[PDB]
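Each chain gets a letter, A, B, C, D and E, in the order it is written, and its residues are counted from 1.
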């Protein structure tokens, strides 16, 4: 069975749990020492020291979704493609 | 996304950590629980192995 | 006016209290015989805060010393500053409760707690305005960790409106000399959380680290370790006994340290601890004290503040410095290390100033820090406790001494809740 | 700076018009501007957006009188 | 104001720094116990540059002494001007890294740069307005090159605005006490290109030549060489300590001295230098001073300046002199030896003047020259490195500590890149 770590799910805990029960996957509410197949974090990718498996957080997405970084990327693309990127 | 009267979308904020809390709210549960279930189904670690075994067989 | 009643429990408590009483008697200028030989008019103004005036210029402390073994009483009595104490304050038992918490909390302690409380009431009632009590003990034994819970539980209901402190010694994982000791700690933390106004975690391994690193001491002993605890104890209550620019009584410290009722565990520190051959190479200023006061090396608890974030910080300065310098230094800490500070408490530091410095020194600080990293200590004990509880180990003693299985589970639940709630605000 | 100079020497963008001194001046100016742009003033090195600006400048220098998408 | 942090690593760095602190403490009137006993007021007006003020008006030098072998530390402590350094400023290890660049930079010296950085931060924050860091070390050893590169990189990562001037000893072709020293030298030039602002090059062959020819000394030990290095070190930072008419600090020197970012490998010199049996047959005048400082033999680097063109030279006179003599004489230097200067940059001379002279003297000069001939000082090393590479020798002592083979090739190629950069402007 697929092992999922939900110790750092936070607001995504409950919505995950039923889903975990919908797939008949077996959970670690408090985590474990051995590597897990899927790790579910809530805020930061650096919540746990993961060396293998899957994690629900790409690195650094806390900073990218910040307004100034997204704005900088959007203006870069608008310089590259003004007509296409007019939604912002 | 803000949907303009002339049906032109406007991208406002983007969130790396959206609120997945379902509390109970029927709409929030129906959307979010299904979203996470589909997310987990799309990346079952044994799906690739099962597909490879089926292709080999 | 505003006097404090002192209680000592166990061997660790008795030794720490003896060192503390020597320290305070030296500070206030008190003869070992009990007389006053000192050169100041300020050493006798608020002397009615630890001492009682007997006949013919004699001063006698409060000092309720308790033990279930009659050996520590003999050690304290025949010893420096050992006849300074009232003869009848020594309430001693006949057997040291082994290392059993059940023995000292249910059977041996019960036959002595009433005897202690008689003298406790007898002293208190001879006070103009009792500010509170303070207890020195260790959470690893039976007499200490059991008596200092039973006595505190019955002192709290009798005087709910007063102030209660505790300079407890939390057991350390590395420096361990007792086997059943985690059990005792797990059975005490849950009573040291709803029966005391303050509690100072004094881990022994941090004291050893300070002695080895800061003081360059090859061979430390228990006296050197108790010296630091006594220094912190004196620095906590200096503003009740000497004048200051900004006074800070015990209750004033309490009101701006605990944001919530059960967050009353702190980290002590003493600012000017240097060495004996590096003194000449240093300048005694406010910025350097604030630098050796906020370092994860001068702290008397074995948990790294870098792992958590401070909720509040106190800083009882002692010396004739300037207020602008203190305020500027506090603003730099907070601005420099912004991450190591809770965002929803602006200006987490509470300051104070007392003119009179400790003898010899011309400047000192006492850092009291409420930090989430303290949770580490608890989560370091519980694991050990669990390691010994799933397979019932050494539990026949406690079970046969009147306790039942459910108390251990209740204590673990209480400690786990405390850890979780301390982690909530991180 | 070594990374930029290795990039220039690898993709052979340097020529008589653009010597090493001009490349170093461009790198210094872009790095200083982007370091000052951020709230933290250290920014030791070059981020990706500054590299995008440098690539835009280099593409402007070459293929003159051409649309930006072609550039 | 304008405080300078001092770092010493390795045996040569420690000994040179000890001599340097003895030399400065004589000039500012500091006793080997820390007290001030001096005659001029000016000495105690900028003691904040090198010294912190402790209690009882005792001044502690702002220096940090690091090494991976404890023994040398005792040698520093149990010597003259030795009980002045702060006891906690001695950071040290157990084994002296051998002659392994990898050991110092990667494996055994990495567990000590944390403590060194802690002391560096502690010193750097009790200063009002920091000016920069100066470091004395010797390329060719294990702790020197490796620990110095690691420390320098880790400091420019944290203070990428201060000035990093390095006084480093370079391998010599004749004198050589090591068989794997070209390896360490090559592995370090690269890190010094992009992590320092000024780099003063010193070789023991040149210092021995000076002690044998100019001074005519029978048995020149390491003491005389350390004395000369201390002399040139004190002379560069004089316009920050004493007052004058054309004051020039380290940043001004760098601005007038470095035309291109990678071209900061200077070569030093100190003008007034005579025997003990000739100080009466020679007049100490500005012409004689400026004639001795541009002498090819009187140069503390083993590169002949006649084989290249001076990019730019800075001279820092100390004493009471007329501006007209200085300008006229160091204009006439560049009309006679005209072929030895590049033409694309007119006025290849920077002149500063400090009023106070060194003790026991009347006029002195410190010469810093950036010339292309320094390429030879690196070129030889490459040749040696090459001879040790095709027949890979002593490489297992380096590859057994994590260093890949590719690092050697990259460092070597960077060295030829710097050599080619120095060469192209000469033609």
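Methods note: a residue touches a chain if its C-beta (ideal position, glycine included) is under 8 Å from a C-beta of that chain, and two chains touch if they have at least 3 such contacts.
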CA centroid of chain A to CA centroid of chain B, Å: 12
Distance from the mean Cα position of chain E to that of chain D, given in whole angstrom: 34
Separation of chain B from chain E, taking each centre as the mean of its C-alpha atoms, in whole Å: 63
Interchain centroid distance [CA atoms averaged], chain C/chain D, Å: 61
Residue list for chain B, restricted to those that touch at least two other chains: none
Residue list for chain E, restricted to those that touch at least two other chains: none
Contact graph of the chains (line, ring, star, complete, other): line
Chains that touch, pairwise: A-B, A-D, C-E, D-E
Touch list for chain E against partner chain D, complex: 156-158, 160, 194, 260-261, 414
Parts of chain A lying in touch with chain B, wherever the complex brings them together: 2, 4, 11-12, 14-16, 18-20, 22-23, 25, 37-38, 42-43, 54, 56-57, 61-62, 64-65, 67, 70, 87-88
Contact set on chain D toward chain A in their complex: 49, 52, 56, 68-69
Touching residues on chain A, where the partner in the complex is chain D: 72, 76, 79-81
Partner chain E, residues of chain D touching it in the complex: 1-2, 21, 24, 28, 42, 44
